[PDB]
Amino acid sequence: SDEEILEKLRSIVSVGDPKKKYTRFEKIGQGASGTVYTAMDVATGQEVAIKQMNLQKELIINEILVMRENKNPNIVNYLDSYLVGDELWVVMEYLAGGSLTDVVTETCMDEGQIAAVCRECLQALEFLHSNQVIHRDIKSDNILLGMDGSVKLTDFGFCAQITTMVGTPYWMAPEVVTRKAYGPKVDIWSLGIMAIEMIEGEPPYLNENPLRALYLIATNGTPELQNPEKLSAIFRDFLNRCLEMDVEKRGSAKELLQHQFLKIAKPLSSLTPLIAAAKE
């Protein structure tokens, strides 16, 4: 029953006032789905991320329980949740070293550094997909980095869902653009686009308006590289497996974690000078 659901939700969310438990709020994102802030956990002295969502309920209960019971080092993990009147606040981890967008727009990554990042992102995807969660918004903006090179996937555009056109145009799979065929493989396509961001600094068609880019992806399908000859055969093979037109042929996160390209990954510490240079 209706009221028995609101009482179950009230029993699952954390006790306390998040306006008192968190301080130094700084708005980092906003859209029609909600607001994202960074904040300081008063008790722990750790920087956190907080998503605030209004009325837009039994699904909420299972979704909260799933993220509270399932943790992974390559995602910003659920820390707490609160009901503030009609709003639901979700507190999760945060990394303040910067985003992969900062790194790719400011610095040049080598194949060893791209392989390390791809591996960490693939581990996050494998975890989410095993919990029937499809991200739908994989892109460099959603990869937070720690100063030590640690990698955490976030969902600050509110796209992830347990299995309306969702995502960011340049990173969308063709089957999402043409028929909204969401599935784990759209995250693999998006990772392939993010791997292109790491080589060229941008996804394909970034110079075009986002709506035209949809028409370019729907017609071109598998995007072409500017200078493929500058890449190893193993990296090129990894990209082809991520950007396969055939959904079935496209590699899963589990399969791609076995790819020979990831075997050349440099330690995550190799990203620290890029993070530092991208920050300033």
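Note that residue numbering follows the sequence shown and begins at 1.
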Please classify the coordinate gap between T163 and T164 in terms of deposited residues: none, 1 to 3, 4 to 9, or 10 or more. 4 to 9
Using what the record says, work out whether there is a hole in the model between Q56 and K57 and how many deposited residues it spans (none, 1 to 3, 4 to 9, 10 or more). 4 to 9
Got a sec? Mean C-alpha B-factor, which is higher, 148-156 or 103-111? 103-111
Segment of higher mean CA temperature factor, 237-245 or 30-38: 30-38
Which has the highest CA B-factor per the PDB entry: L79, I143, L83, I199? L83
Can you tell me whether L211 has a C-alpha B-factor in the lowest, middle or highest third compared with the other modelled residues of the same chain? middle
How does the C-alpha B factor of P228 compare with the rest of the chain: lowest, middle or highest third? highest
According to the PDB entry, is the CA B factor of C118 in the bottom, middle or top third of its chain, that is, lowest, middle or highest? lowest
Select lowest, middle or highest to describe the third in which the CA B-factor of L88 falls within its chain in this entry. highest
In terms of its chain's C-alpha B-factors, the third that includes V48 is the middle
